[PDB]
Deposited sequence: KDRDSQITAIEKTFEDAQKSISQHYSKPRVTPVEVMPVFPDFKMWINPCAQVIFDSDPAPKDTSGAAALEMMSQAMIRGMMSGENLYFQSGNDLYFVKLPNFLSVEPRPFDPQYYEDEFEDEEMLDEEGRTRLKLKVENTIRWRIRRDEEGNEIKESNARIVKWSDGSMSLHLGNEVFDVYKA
């Protein structure tokens, strides 16, 4: 397809991912128990669980520990760049995603002006992998000075105990291991 059409379709995966998830696509009685956006990274926010103090009367706060630290692993980056693999964080947790040959990730934030049109049935499976089936993220600056990170992708845990990966519109059955 045209370069413009690829980019328009990629941008749509972003819009589709923000659409409200309310019921399972094949099981309309099944409802979402947790929705986690997927931001591929080699970095983690972590809270100390406790400060150890030498004063019996400390500066009062709601919660033991402290504000979050950012930590990183050089290991996590190989994998996302081979497009075979990815890590992401949700709450205090680290998830590892093992990618099948029919999905991919792009680690660098998406910017359309640098998007390369590689297409002047095994060329169609290729055009679809990179437009519909590639996990991506982008990064925006508001008119109110806010920085907005957006992802293509969502991991959903369902009311029946199952899990799916939403990539834009498309749905992939997924399993916890």
query: Missing segments of the deposited chain sequence, listed N- to C-terminal; finding: 121-126
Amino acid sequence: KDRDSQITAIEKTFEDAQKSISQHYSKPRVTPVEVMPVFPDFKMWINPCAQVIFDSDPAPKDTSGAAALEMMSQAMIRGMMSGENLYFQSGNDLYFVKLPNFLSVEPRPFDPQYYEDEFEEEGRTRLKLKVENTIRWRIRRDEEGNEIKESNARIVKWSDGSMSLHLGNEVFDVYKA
From here on, numbers count along this sequence of modelled residues.
| property | result |
| --- | --- |
| Residue range whose averaged C-alpha B-factor is higher in the record, 111-119 or 135-143 | 111-119 |
| Higher-scoring stretch by recorded Cα B factor average, 147-155 or 56-64 | 56-64 |
| Entry-reported Cα temperature factor of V35, expressed as the chain third it lands in | lowest |
| CA B-factor placement of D93, once the chain's modelled residues are sorted into thirds | middle |
| Within-chain third of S26 by Cα B-factor, per the entry | middle |
| CA B-factor ranking of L127, expressed as a third of its chain | highest |
